[PDB]
A.B. asks: 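Structure provided below as structure tokens; questions to follow.
Start at 1 with the first residue, then count along the sequence.
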Amino acid sequence: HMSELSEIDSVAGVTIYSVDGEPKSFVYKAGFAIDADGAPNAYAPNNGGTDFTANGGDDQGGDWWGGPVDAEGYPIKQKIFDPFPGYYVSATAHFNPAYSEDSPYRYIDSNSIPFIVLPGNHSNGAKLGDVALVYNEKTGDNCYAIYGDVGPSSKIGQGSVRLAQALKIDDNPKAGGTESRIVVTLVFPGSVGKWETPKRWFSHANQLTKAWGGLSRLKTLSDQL
Ligand SMILES: N[C@@H]1[C@@H](O)[C@H](O[C@@H]2O[C@H](CO)[C@@H](O[C@@H]3O[C@H](CO)[C@@H](O)[C@H](O)[C@H]3N)[C@H](O)[C@H]2N)[C@@H](CO)O[C@H]1O
């Protein structure tokens, strides 16, 4: 059966709908840009990372948003006990408080963790760490994911390198992603709202998805969007 949908928001021409019923959820069909932030090889001096350095800002003391900075405004460089020594520490809005601000281990590794981005000022009740079910209507592929990063308020439809892989979307931070509105994201706001191990949040996403009616329901719903 088709679901009953109620508009709650709109960003960049994409309508965001509350899905009537329980558990509480919202859904949107959008493109999928790559967010490599949090990957410990995303950014390095002299374009050494998997993204161009300037995608994180200016790494010579100017405005740098890709990750934490030192007392003089330069990006923190990874140490010998970090995954990519000498690369910059790239940050995500969601974080693990077990690690310090200057540690790559504090952030969500885009290479390994399926995560979605929501636009700033458009979380629609979701809190970082909440879970989601993500579906690619062109490949038939799906994955559970967390709300792991915050994007520009004027853009919607973006997620991690690993989520791209799971959806069979080109995962390259420089030329990957898609502008085609082929990804359906079902967010469960209020579902977690904290950092926890991937095994735990993935199990919780699985339990909510079962209770909500499974992928079969989301597949039918996707035809309405
Ligand atoms: N490349 C830009 C960039 O703006 C954006 O990157 C993310 O921007 C977030 C802004 O909210 C930022 O969140 C902050 O992260 C730190 C560390 O946890 C916190 O202290 C702050 O409270 C957060 N506001 C992310 O770290 C950052 N990855 C990118 C995302 O795709 O899209 C472009 O706009």
A.B. asks: If you count the non-hydrogen atoms of other residues, nucleotides and ligands that lie under 6.0 Å from NZ in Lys79, is the total more than 12?
C.D. replies: yes
A.B. asks: Quick one: which residue pairs count as a side-chain hydrogen bond (donor to acceptor under 3.5 Å, both in side chains) with a foot in residues 149-163, not counting sequence neighbours?
C.D. replies: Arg162-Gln165
A.B. asks: Run the side chain to side chain contact (heavy atoms under 4.5 Å, CB included) test on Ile156 and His122 for me, step by step, so that the C-alpha distance in whole Å, both residues' side-chain angles and the decisive distance to 0.1 Å come before the verdict.
C.D. replies: CA-CA 9 Å; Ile156 189 168; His122 294 279; over 6 Å; no
A.B. asks: Hey, could you give me the CG/CG distance between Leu218 and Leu133, rounded to the nearest 0.5 Å?
C.D. replies: 5.0 Å
A.B. asks: Determine whether a donor-acceptor pair (N or O, by modelled atom type, separation under 3.5 Å) exists between the side chain of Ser90 and the backbone of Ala42.
C.D. replies: no
A.B. asks: Are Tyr147 and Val187 close enough, and set up right, to give a side chain to side chain contact (heavy atoms under 4.5 Å, CB included), and what steps lead you there?
C.D. replies: CA-CA 8 Å; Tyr147 171 26; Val187 181; 5.6 Å; no
A.B. asks: So, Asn46 side chain and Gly48 main chain: donor-acceptor pair closer than 3.5 Å or not?
C.D. replies: no
A.B. asks: Could you check whether any side-chain N or O of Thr209 sits under 3.5 Å from a backbone N or O of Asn206, counting only pairs where one atom can act as donor and the other as acceptor?
C.D. replies: no
A.B. asks: Kindly indicate whether the side chain of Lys24, heavy atoms from C-beta on, has any atom under 4.5 Å from the side chain of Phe188.
C.D. replies: no
A.B. asks: Taking only residues at least two apart or on different chains, which pairs with a member in residues 25-35 satisfy side-chain hydrogen bond (donor to acceptor under 3.5 Å, both in side chains)?
C.D. replies: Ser25-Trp212, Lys29-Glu137
A.B. asks: For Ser110 versus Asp37, what's the shortest heavy-atom pair and its separation?
C.D. replies: CB-O, 3.4 Å
A.B. asks: Can you tell me if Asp223 has over 12 outside heavy atoms packed within less than 6.0 Å of its CG?
C.D. replies: yes
A.B. asks: Can you check whether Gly62's main-chain N or O pairs, donor with acceptor, with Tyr74's side chain at less than 3.5 Å?
C.D. replies: no
A.B. asks: Using side-chain heavy atoms (C-beta onward) and a distance below 4.5 Å, is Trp195 in contact with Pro97?
C.D. replies: yes
A.B. asks: Where the side chain of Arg106 meets the backbone of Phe95, is there a donor-acceptor pair that is under 3.5 Å apart?
C.D. replies: no
A.B. asks: Between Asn47 (side chain only) and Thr53 (backbone N and O only), is there a donor and an acceptor less than 3.5 Å apart?
C.D. replies: yes
A.B. asks: For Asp59 and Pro75, which heavy atoms make the closest approach, and how far apart are they?
C.D. replies: O-CD, 3.5 Å
A.B. asks: For the backbone of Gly193 and the side chain of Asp130, can you confirm whether one donor and one acceptor N or O come within less than 3.5 Å of each other?
C.D. replies: yes
A.B. asks: Quick check: do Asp58 and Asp63 have side-chain heavy atoms less than 4.5 Å from each other?
C.D. replies: no
A.B. asks: Work out which heavy atom in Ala132 is nearest to a heavy atom in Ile116; give both atom names and the distance.
C.D. replies: CB-CD1, 4.1 Å
A.B. asks: At what distance, to the nearest 0.5 angstrom, does OG of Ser3 lie from CZ of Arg217?
C.D. replies: 3.5 Å
A.B. asks: Under the side chain to side chain contact (heavy atoms under 4.5 Å, CB included) criterion, do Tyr17 and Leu225 qualify, and how do the steps go?
C.D. replies: CA-CA 9 Å; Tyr17 291 95; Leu225 301 174; 3.6 Å; yes
A.B. asks: Taking all non-hydrogen atoms of both residues into account, name the closest pair between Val89 and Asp102 and its distance.
C.D. replies: CG2-O, 3.5 Å
A.B. asks: So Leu5 and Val19, do their side chains get closer than 4.5 Å, heavy atoms only?
C.D. replies: yes
A.B. asks: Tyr43 and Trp64: ring pair (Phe, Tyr, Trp, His ring centres under 6.0 Å), yes or no, with the steps?
C.D. replies: CA-CA 11 Å; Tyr43 296 124; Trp64 176 257; 5.4 Å; yes
A.B. asks: Where the side chain of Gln78 meets the backbone of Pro40, is there a donor-acceptor pair that is under 3.5 Å apart?
C.D. replies: yes
A.B. asks: To check you understand the geometry: which heavy-atom pair defines the closest contact between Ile146 and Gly129, and what is its length?
C.D. replies: CG2-O, 3.6 Å
A.B. asks: Is there side-chain contact between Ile169 and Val183, with at least one heavy-atom pair below 4.5 Å?
C.D. replies: yes
A.B. asks: Could you walk me through whether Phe26 and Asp9 pass the side chain to side chain contact (heavy atoms under 4.5 Å, CB included) test, one step at a time?
C.D. replies: CA-CA 10 Å; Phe26 66 84; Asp9 199 10; over 6 Å; no
A.B. asks: Not counting sequence neighbours, list each pair that qualifies as a side-chain hydrogen bond (donor to acceptor under 3.5 Å, both in side chains) and has a residue in residues 172-187.
C.D. replies: none
A.B. asks: According to a hydrophobic-cluster definition based on side-chain heavy atoms being under 4.5 Å apart (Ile, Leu, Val, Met, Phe, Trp, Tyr only), do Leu167 and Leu186 belong together?
C.D. replies: no
A.B. asks: I need the minimum non-hydrogen distance between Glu7 and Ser10, along with the two atoms involved.
C.D. replies: OE2-CB, 3.9 Å
A.B. asks: Should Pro83 and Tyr105 count as side-chain neighbours, where that means a heavy-atom distance under 4.5 Å?
C.D. replies: yes
A.B. asks: Taking atom CD as the centre, does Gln207 end up with more than 12 heavy-atom neighbours from other residues, nucleotides or ligands that are less than 6.0 angstrom away?
C.D. replies: yes
